[PDB]
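1. Quick one, fold the following:
(2 chains, ligands or ions: 11)
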2 protein chains.
Amino acid sequence: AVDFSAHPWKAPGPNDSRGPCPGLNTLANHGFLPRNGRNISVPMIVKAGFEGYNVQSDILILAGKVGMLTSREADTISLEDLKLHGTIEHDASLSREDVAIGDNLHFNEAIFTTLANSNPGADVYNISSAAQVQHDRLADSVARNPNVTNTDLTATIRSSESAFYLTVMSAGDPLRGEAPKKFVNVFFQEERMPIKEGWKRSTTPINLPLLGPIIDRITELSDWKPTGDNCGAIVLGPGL
Amino acid sequence: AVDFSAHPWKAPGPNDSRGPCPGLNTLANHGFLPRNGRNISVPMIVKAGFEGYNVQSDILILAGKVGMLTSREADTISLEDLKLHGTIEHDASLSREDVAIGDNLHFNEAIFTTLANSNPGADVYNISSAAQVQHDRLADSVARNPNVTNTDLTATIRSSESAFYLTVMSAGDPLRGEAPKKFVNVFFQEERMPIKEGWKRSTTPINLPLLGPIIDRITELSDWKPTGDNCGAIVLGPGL
Ligand code: HEM
Ligand code: HEM
Ligand SMILES: CCCCCCCCCCCCCC(=O)O
Ligand SMILES: CCCCCCCCCCCCCC(=O)O
Ligand SMILES: *[C@@H]1O[C@H](CO)[C@@H](O)[C@H](O)[C@H]1NC(C)=O
Ligand SMILES: *[C@@H]1O[C@H](CO)[C@@H](O)[C@H](O)[C@H]1NC(C)=O
Ligand SMILES: *[C@@H]1O[C@H](CO)[C@@H](O)[C@H](O)[C@H]1NC(C)=O
Ligand SMILES: *[C@@H]1O[C@H](CO)[C@@H](O)[C@H](O)[C@H]1NC(C)=O
Ligand SMILES: *[C@@H]1O[C@H](CO)[C@@H](O)[C@H](O)[C@H]1NC(C)=O
Ligand SMILES: [Mg+2]
Ligand SMILES: [Mg+2]
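-> Residues are numbered from 1 along each chain as shown, chains lettered A, B, ... in the order given. Ligands and ions are numbered 1, 2, ... in the order given. Shown next is the protein structure:
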């Protein structure tokens, strides 16, 4: 029963907190989360993701409580807190630079080129294109970042994020694991719901059972291999 | 400014959730946390630890948000949820069995014998006795549990727990890193504040700066070495 017309996109001001996640950033830019990006709890994320995207509480509780670790507060974050490297934030992002060699927070068009140019000859991104992008992004980090971290955990998180953009920005059947380029590009480049472009919130719930096989197929097609430590240890709080 | 007369010890009833932590169990048994042990948030833990023990928000926010990972709820746990192996719960506990070979949840008198018998000829437990206990408990797990997990992280958590019993149950100067056996034994065996025995809440705040040197000294005296891959990865949620 959400009224999207009561949730206009507004550009964030210079002091509105935004993070490395286009999903949460977009929700804030439409006021599903606080536009200032501050004082955000897991219940707020659960509600916002449901209302905005029809993403269910299973994934948002699991991911949300991990995200909470990035702040110094008892039960809230600022979106910018999520840039904390090695909690969720990882190398070989789709649209951000690796923290060791650049800006791990803001959208970067040069990084995004790989995704933007994927699935040549189609007007959608899909599971095979998403896998290719992941392969190529990881190769770039291995080439250029002397502090690169690549573990089973980061690889899984990366495939989860690719599954998110394929499903949440779909043309309405998220099971298909494909999304119009026009919608995904707006999502990343503007952190806006592409409403005027024709996007509508999925009428199918997006939950762990739906995402699981998509995640696994993306991983499988990405020709991923362990390269190093492979210990899936997360950073448990800031300033440790 | 805490009225302990308004916080009597009551034995947990059959539907009351209790976990592997004597600290939180004791707070629940005195109603500083809900006596039913359910729907417990990090803000509730922060307040309860302050009121009951003069433990500060630094450690309780950090540990509390990690503890939140153990439930399926957005921002609360039941105390029993904390038994989830490999989040905080670990092998070589002071008063519980290793999950692979026994009950990792309930107080176990046979396990507790090692701590109870430590520091012979004194009426206190102290840093050297706590270190000996940790050495002996870990040795027991290495002997009897083929699946033992023993890492920098579990070792730190274990010394933190020893530091907690030495400080929170002290005779009122937690800096000393020694606690009356009569107080610590009641804490573990009954999950009760030993008020009739003469214990009083510390007038000195117990925070990370106070605990840190105690933790480090316990580790130093314990003749510790890691096991296997020494991977500090935590379990990020239940049913994975
Ligand atoms: C529990 C809620 C969420 C948390 C805590 C969260 C956290 C994060 C974090 C920290 C990152 C940065 C990882 C990195 O690239 O280094 C990220 C990336 C991403 N998230 Fe979220 N996220 C959440 C929900 C969502 C939702 C609902 C979507 C919906 C589409 C989404 C889509 C993405 C995408 C596509 C990326 C990849 C960005 C890139 O690689 O450049 N997230 N998330
Ligand atoms: C408030 C002050 C606290 C005190 C004094 C305290 C004390 C202790 C002690 C002494 C143990 C060791 C029990 C043993 O080895 O048999 C322990 C274990 C544990 N504590 Fe706490 N604790 C406190 C707060 C917390 C908090 C905030 C959390 C998480 C929300 C937590 C979670 C646990 C867990 C999961 C264990 C089990 C680890 C294991 O032995 O395997 N504790 N605690
Ligand atoms: C088991 C994979 C489910 C997808 C979870 C990805 C969300 C990333 C945040 C971290 C929370 C759990 C991570 C994980 O188990 O993959
Ligand atoms: C210097 C901090 C030591 C105290 C940590 C107590 C353990 C809390 C549970 C896990 C949360 C952080 C992990 C850790 O650094 O020990
Ligand atoms: C943050 O949110 C809580 C819960 O709604 C509220 O009590 C508090 O006043 C808020 N603080 C700020 C600075 O907005
Ligand atoms: C993705 O789209 C390309 C181009 O249409 C196609 O070759 C490929 O088979 C598709 N992959 C999947 C998984 O649908
Ligand atoms: C990063 O890699 C460089 C070059 O190998 C090394 O000096 C450094 O210790 C590594 N760690 C970090 C994060 O600085
Ligand atoms: C409180 O915790 C219970 C599990 O003990 C859970 O079912 C519930 O969602 C939480 N809040 C309530 C009562 O809705
Ligand atoms: C602990 O107490 C014993 C027995 O009195 C004593 O020998 C030992 O030195 C004490 N250790 C510390 C750290 O005070
Ligand atoms: Mg990144
Ligand atoms: Mg244990």
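
2. Check the secondary structure at residue A:140 for me.
-> Under DSSP: H, G, I helix; E, B strand; the rest coil, the three-state class of residue A:140 is helix.

3. Contact partners for the closest residue to it other than its chain neighbours?
-> Spatially, and ignoring its direct neighbours in sequence, residue A:140 is nearest to residue A:92 (7.1 Å; C-beta to C-beta, 6 or more residues apart in numbering or on different chains). In short, each C-beta sits where N, CA and C put it, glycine included. Contacts for residue A:92 (C-beta atoms under 8 Å, 6 or more residues apart in numbering or on different chains) come out as A:98, A:134, A:137-138, A:140-141, A:148, A:150, A:154, A:158.

4. closest to residue A:71 among those?
-> residue A:154 (21.1 Å; C-beta to C-beta).

5. in which helix or strand would I find that closest one?
-> helix A:152-168 (DSSP states H and E).

6. Whichever residue of chain A sits closest to ligand 1: what's it in contact with?
-> Here the residue of chain A nearest ligand 1 is residue A:23; by C-beta to the nearest ligand atom that distance is 2.2 Å. By C-beta under 8 Å, 6+ apart, the residues touching residue A:23 are A:49, A:53, A:164, A:168.

7. I figured the second one was touching residue A:206, is that so?
-> The reference is to residue A:53. Yes - counting by C-beta atoms under 8 Å, residue A:53 does reach residue A:206; the two are 6.7 Å apart.

8. What does residue A:135 show for phi and psi?
-> With angles defined as degrees, to the nearest 10, residue A:135 sits at phi -50, psi -50.

9. doesn't residue A:220 make contact with it?
-> No - if you go by C-beta under 8 Å, residue A:135 and residue A:220 don't touch, sitting 11.5 Å apart.

10. So for these two, which sits in the more crowded spot?
-> residue A:135 (16 against 12; other C-beta atoms under 10 Å in any protein chain shown).

11. Name the residues of chain A found near ligand 4, please.
-> A:236, A:240 (C-beta under 6 Å from any ligand atom).

12. residues from chain A in reach of chain B?
-> When proximity is defined as C-beta under 8 Å from any C-beta of the partner chain, chain A approaches chain B at A:41-43, A:46, A:57, A:61-62, A:64-66, A:68-69, A:72-75, A:153, A:231-234, A:236-237.

13. hang on, isn't residue A:221 packed against residue A:129?
-> No - the criterion here is C-beta under 8 Å, and residue A:221 misses it with residue A:129 at 9.4 Å.

14. Which residue of those two possesses the greater neighbour count?
-> residue A:129 (22 against 17).

15. OK, contacts around the more buried one?
-> Applying C-beta under 8 Å, 6+ apart to residue A:129 gives the contacts A:118-119, A:122.

16. what are the ranges of the helices in chain A?
-> Ranges of helices in chain A, per DSSP state H, are A:22-29, A:42-53, A:57-68, A:109-116, A:127-144, A:152-168, A:181-190, A:208-221.

17. out of those helices, deepest packed?
-> Of all these, helix A:22-29 has the most neighbours on average by mean count of other C-beta atoms under 10 Å in any protein chain shown, namely a mean of 26.

18. distance between the helix holding residue A:154 and the chain's centre?
-> Distance of helix A:152-168 from its chain centroid, counting by C-alpha atoms, centre = their mean, to the nearest Å, is 7 Å.

19. hmm, that helix touching ligand 6?
-> No - Helix A:152-168 lies out of reach of ligand 6 by C-beta under 6 Å from any ligand atom, never closer than 10.0 Å.

20. Counting by contacts, list what that helix packs against.
-> Judged by 3 or more C-beta pairs under 8 Å, 6 or more residues apart in numbering or on different chains; DSSP states H and E, the packing partners of helix A:152-168 are helix A:22-29, strand A:124-126, helix A:127-144, strand A:178-180, helix A:181-190, helix A:208-221.

21. Mind telling me which residue of chain A is nearest ligand 2?
-> Residue nearest to ligand 2 within chain A (C-beta to the nearest ligand atom): residue A:74, separated by 11.1 Å.

22. who in chain A is up against ligand 7?
-> Counting by C-beta under 6 Å from any ligand atom, chain A sits next to ligand 7 at A:100, A:146-147.

23. Which of those residues sits closest to ligand 4?
-> residue A:147 (21.5 Å).

24. List the contacts of that closest one.
-> By C-beta under 8 Å, 6+ apart, the neighbours of residue A:147 are A:98, A:100-101.

25. swap in residue A:19?
-> Contacts for residue A:19 (C-beta under 8 Å, 6+ apart) come out as A:25, A:37, A:78-83, A:105.

26. repeat that with 6 Å
-> A:79-80, A:82-83 (C-beta atoms under 6 Å, 6 or more residues apart in numbering or on different chains).

27. Could you single out the nearest of those residues to residue A:183?
-> Checking the contacts of residue A:19 against residue A:183 with C-beta to C-beta, the nearest one is residue A:79 at 21.7 Å.

28. That closest one against residue A:16, yeah?
-> No - taking contacts as C-beta atoms under 6 Å, residue A:79 lies outside contact range of residue A:16: 8.7 Å.

29. Those two: which is more packed in?
-> Between residue A:79 and residue A:16, residue A:79 has the larger neighbour count (other C-beta under 10 Å), namely 26 against 19.

30. how many other residues sit next to residue A:196?
-> Residue A:196, neighbours per other C-beta under 10 Å, totals 9.

31. Check the gap between it and residue A:167 for me.
-> Going from residue A:196 to residue A:167 by C-beta to C-beta, to the nearest Å gives 21 Å.
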